[PDB]
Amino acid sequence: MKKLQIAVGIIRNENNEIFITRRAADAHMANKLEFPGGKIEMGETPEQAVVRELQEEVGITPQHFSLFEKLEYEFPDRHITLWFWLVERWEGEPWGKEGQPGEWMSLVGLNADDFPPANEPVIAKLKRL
């Protein structure tokens, strides 16, 4: 079974809103809401990966960020390790840089059912802040 390391960024503004994108209809976890992110490549660290992925996907450079949660999840056809970075400072303004839907969502209003099931403990912990 495919085994992947994935780095994602929880992009939180000053009004307790998170920048959330929606996955393509033909992707793994199609049509789900997501934290921007993607696969950690050979030769790059988890910290470098979340910077690169947020630059590619939403056009920001995260800075002074922290590891909010790291977990493993077994999907029906792949195993992934997710690195959830809490990003409260960045350069740039997030947008749908890859043509994908993106918008600011209140943290209290997040519905874990809208996200991949791997995100369930993270969304709960975020609402604990």
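Numbering starts at 1 and runs along the sequence shown.
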**Study point:** Greater mean Cα temperature factor according to the PDB record, 2-10 or 120-128
**Key:** 120-128
Review point. Looking at the entry, does 32-40 or 59-67 show the higher mean C-alpha B-factor?
Key: 59-67
Exercise for review: Ordered by C-alpha B-factor within the chain, which third holds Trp90? Give me lowest, middle or highest, please.
Suggested key: highest
Practice item. Relative to the other modelled residues of the same chain, rank the CA B-factor of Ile18 and answer lowest, middle or highest third. Key: middle
Point to revise | Chain thirds of CA B-factor: placement of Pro46 | key: lowest
Check your understanding: Lowest, middle or highest third: where is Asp77 by C-alpha B factor in its chain?
Key -> highest
